[PDB]
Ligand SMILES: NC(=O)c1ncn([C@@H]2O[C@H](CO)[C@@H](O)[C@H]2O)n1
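Take a look at this single chain, the form solved without this ligand, given in C-alpha cells.
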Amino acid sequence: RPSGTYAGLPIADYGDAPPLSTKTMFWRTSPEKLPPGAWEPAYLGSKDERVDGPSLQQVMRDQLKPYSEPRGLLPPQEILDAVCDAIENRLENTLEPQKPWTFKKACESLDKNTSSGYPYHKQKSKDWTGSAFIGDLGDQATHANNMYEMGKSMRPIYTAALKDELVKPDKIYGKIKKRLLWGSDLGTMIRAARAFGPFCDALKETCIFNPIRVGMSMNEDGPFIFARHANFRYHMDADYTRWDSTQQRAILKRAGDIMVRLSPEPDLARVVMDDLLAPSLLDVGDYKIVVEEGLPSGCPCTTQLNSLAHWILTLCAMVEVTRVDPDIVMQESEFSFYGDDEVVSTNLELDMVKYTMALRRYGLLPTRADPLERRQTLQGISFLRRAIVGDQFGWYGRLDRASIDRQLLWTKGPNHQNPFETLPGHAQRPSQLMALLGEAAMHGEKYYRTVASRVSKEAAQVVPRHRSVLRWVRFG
C-alpha cells in the first residue's frame, strides 16, 4: 500500500529489515591514547559516546541520494558493441569451460557467518548442518533452487546496512559518512551461486593473464601481474568516487550478458541475471524502496560483474578517444580491474584530457591524485592498498605504512559499543603480526625495526631479524 519517496526513491512496500547496528567489531590493541589523526571505527549512531551526530537512518539516506541522480550517457552504440564482443571474445579464448554448479556446491560456497537476509535475517550458520541448510533456511534455499531449475523469476529483496570499518576521523568528527551495504536474501545468493559460480571460478584461474584480478594473491601473483604492466610505455591509475552509485544498469546488463553467455546453464543464468538487474527492491527498515539505477551489491558475484563493467567502460573510453579497435587496444595495453580499482598501462598515445572527459560523460567521477595524469614509470602507481615498487629483483605491492600502523592499533573481535575497550588477555593474533613484519620489512630495516619493536612489545602482553623476513616475504 504505502506510497511516496524515501531519499528520492519510490517507496514500494513496508520494510522488514532489522534496525541498523550500533556496534563495532573493532577493539584497541592497547589502552594508550590514539595518535592524532588516527583512523577509528565508523559512526555508531545516537549511542556513540565519541560524538553527537544524526541518526543512522539519516546517514543511510545520505548514501541513497546518489542513486536517484541522473545517469551519465551510454557510450556510442557501435563502440559499446565492438568492445563487448571483444571482451567476450577475449574470455572465450582464455576461460576453461566449467561443469554446472550443484545446489550443494552453491550452498557450500556461501559465507556462513553473515546474515541470510530477507525474511529470516538470521546468521546462515544457525541452519547449517555442515553440508546442507535445514530448518527455515533449508525451506528458502530449496524453494529458490526449485525456481532456479525451473527457469522461473524471483524478485530479490536486498537489506540495507552500513559498513562497520575503520575510517579517517573527519568522517566521524566532521561530516559523518558510513558506507551503504546491500545485503542479499539467501534465495538470490543461492540462484546466483549456482548460475555464476562456474564463470567466477573460471575467471579467478585466469587472474594473471586476464585483467579482472579478483582472486589474485598480492604476494604470489602481484610480481607477475606488475611485471606485465611494466612492459608498456604509459601507466595511469584512475581513482573513482562513488563508483557503485554511478553505474548505469544498461552497462551492467552488457556485463551480465557476457557472464550468462559464458556460463554452463545460460538459459537458467539469464533468468537469474535479469532478476539481479531488474529494478531493485531494497529494505531500509520502514520501507522497501525501488532502486532502478546504480550497482546493487552483495550479489555476491557482484565484484566480477562490477569489474567487468569497469572493463567495458574503460575500453569504451579508450576506443572513443584513440579510435583504435578494442581488440587492438588489448594488444597494446595491460589492464587491471578490481571492482572500481584500475590500472591501465598502454603503448597508445592517449589524450588524458579526452579520456577523462569521456569517463565523466559516462557518469563516472575519475579523480587521481591531489584531469587524469599518465606516467612513463609504474613505480608508485597505486593498486588496491599497495604501491607498486620495482627493484633489481622485480616488482611487488607494498602496503603503505599508514595501513600498517593502523593494523597495529586495531584488532577485530566480538561486536561491542565502545571501540576504545581493549580485549582482555591475548592478543590471539600471531599470523597477522608476522605478516605485518613482512609488510614492514619491504619498507627497509629502519622502519622494520620500529614495527618489530611494537610487534614484540604487543606479543609480550619468535620475532626474526630483518634480512630473513625480507627474503621470506619477497621470495620465500
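Throughout, we count residues from 1 along the sequence that is shown. Shifts are known only where both forms have a C-alpha. Here, rigid core means the biggest group of C-alpha atoms that superpose within 1.5 Å across both forms.
Below: the form solved in complex with this ligand, not depicted.
S.K.: Quick check on this chain: with this ligand placed from its pose in the deposited complex by superposing the site C-alphas, is the site open or blocked (blocked meaning at least 3 ligand atoms within 2.4 Å of backbone or C-beta)?
M.R.: Placed partner leaves the pocket open.
S.K.: Heavy atom to heavy atom, is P326 within 4.5 Å of this ligand in the deposited complex?
M.R.: No.
S.K.: Using a 4.5 angstroms cut-off on non-hydrogen atoms, would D244 count as touching this ligand in the deposited complex?
M.R.: Because a heavy atom of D244 falls inside 4.5 Å of this ligand in the deposited complex, the answer is yes.
S.K.: Considering non-hydrogen atoms and a 4.5 Å limit, does this ligand approach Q379 in the deposited complex?
M.R.: Flag for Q379 set to no.
S.K.: Would you check, heavy atoms only and a 4.5 Å threshold, whether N145 touches this ligand in the deposited complex?
M.R.: Result no; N145 lies far from this ligand in the deposited complex.
S.K.: With this ligand left out of view, which of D275, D341, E320, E293 would have a heavy atom within 4.5 Å of it in the deposited complex?
M.R.: Result of the distance check: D341.
S.K.: By the heavy atom within 4.5 Å rule, which residue out of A230, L384, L95, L74 makes contact with this ligand in the deposited complex?
M.R.: Flagged contact: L384.
S.K.: Which is the contacting stretch out of 257-265, 128-136, 300-308, 98-106, given heavy atoms within 4.5 Å of this ligand in the deposited complex?
M.R.: Going through the listed ranges, the match is 300-308.
S.K.: For the list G425, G37, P414, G444, which one shows a CA move of 2 Å or more between this form and the one not shown after the core is fit?
M.R.: Comparing both forms, the shifted residue turns out to be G425.
S.K.: Moving stretches between this form and the one not shown on a rigid-core fit: which runs of at least three residues all have C-alpha shifts of 2 Å or more?
M.R.: CA shift runs, sequence order: 1-3, 425-427, 453-457.
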